[PDB]
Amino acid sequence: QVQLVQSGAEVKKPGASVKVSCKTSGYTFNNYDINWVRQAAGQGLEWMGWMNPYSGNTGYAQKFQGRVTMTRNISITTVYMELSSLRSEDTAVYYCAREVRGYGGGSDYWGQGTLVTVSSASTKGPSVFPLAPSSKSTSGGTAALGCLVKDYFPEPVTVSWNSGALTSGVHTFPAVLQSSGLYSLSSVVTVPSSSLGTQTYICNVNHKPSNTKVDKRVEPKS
């Protein structure tokens, strides 16, 4: 039996609030404390606070004073964490995790996490810029080229090359969320340097949320 299950992904504007749900089993609800812990992309774990669902007692980390609200609903054995006054730096995966409560047994069961994306952005299609092969992207007999898919929202975007005919040596990177609240990613491919004068290279970009479809030819820098 699953002991913890969280609500789905959230997108919120700066200044708004987000309420994450964590439904627990009866056993977990009655005998454990629940910790709330968040983690931003490529960063570490950050503890936010705790709640004892049976009693309703709570504690928060000083950094989140006033901004976090932990509540419960006994009838459906669910606990909640609401984070208010959201800012870009609050974009992260938010976890609930149970612990028996020196007298701490650790967080031995974790929810799947809830992604919260904080951005002021409305739906927006990407600009697609060439990453042109040049002497500065040539390592011996291999040349690198690509497409910069910049300033779109929300996820996701897909990229292919030459309408799917070119797959070898292609690396399409996971997107990053910029400080602007828009996503950006790159798709690159390594090819024989000798092919640059004779072979055509086109990246095919589809950002379905904005219905943006772009084919960008990538030519050597002259």
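We number the residues from 1 along the sequence you see.
Undergrad: Scan the PDB entry between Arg101 and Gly102 and report the missing deposited residues as one of none, 1 to 3, 4 to 9, 10 or more.
TA: 1 to 3 residues are missing.
Undergrad: Test of understanding: from the entry's C-alpha B-factors, which stretch has the higher mean, 81-89 or 111-119?
TA: Here the higher of the two C-alpha B-factor means belongs to 81-89.
Undergrad: Could you check which stretch, 59-67 or 172-180, carries the larger mean CA temperature factor in the entry?
TA: The deposited B-factors put 59-67 ahead on the C-alpha mean.
Undergrad: Per the PDB entry, which option out of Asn35, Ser195, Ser186, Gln39 has the greatest Cα B factor?
TA: Comparing C-alpha B-factors across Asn35, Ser195, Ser186, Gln39, the maximum falls on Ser195.
Undergrad: Looking at the entry's B-factor column for C-alpha atoms only, identify whether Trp47 ranks in the lowest, middle or highest third of its chain.
TA: Answer is lowest: the recorded C-alpha B-factor places it there.
Undergrad: Is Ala143 in the lowest, middle or highest third of its chain when residues are ranked by C-alpha B-factor?
TA: Highest third - that is where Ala143 ends up once the chain's C-alpha B-factors are sorted.
Undergrad: Going by the recorded CA B-factors, say which third of the chain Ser7 sits in, lowest, middle or highest.
TA: CA B-factor rank for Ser7: lowest third.
Undergrad: Taking the values exactly as deposited, rank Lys19 by C-alpha B-factor within its chain and report the matching third: lowest, middle or highest.
TA: Lowest third, going by the recorded CA B-factors of the chain.
Undergrad: Sorting the chain's modelled residues by C-alpha B-factor, tell me whether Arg72 ends up in the lowest, middle or highest third.
TA: According to the entry, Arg72 has a C-alpha B-factor in the chain's lowest third.
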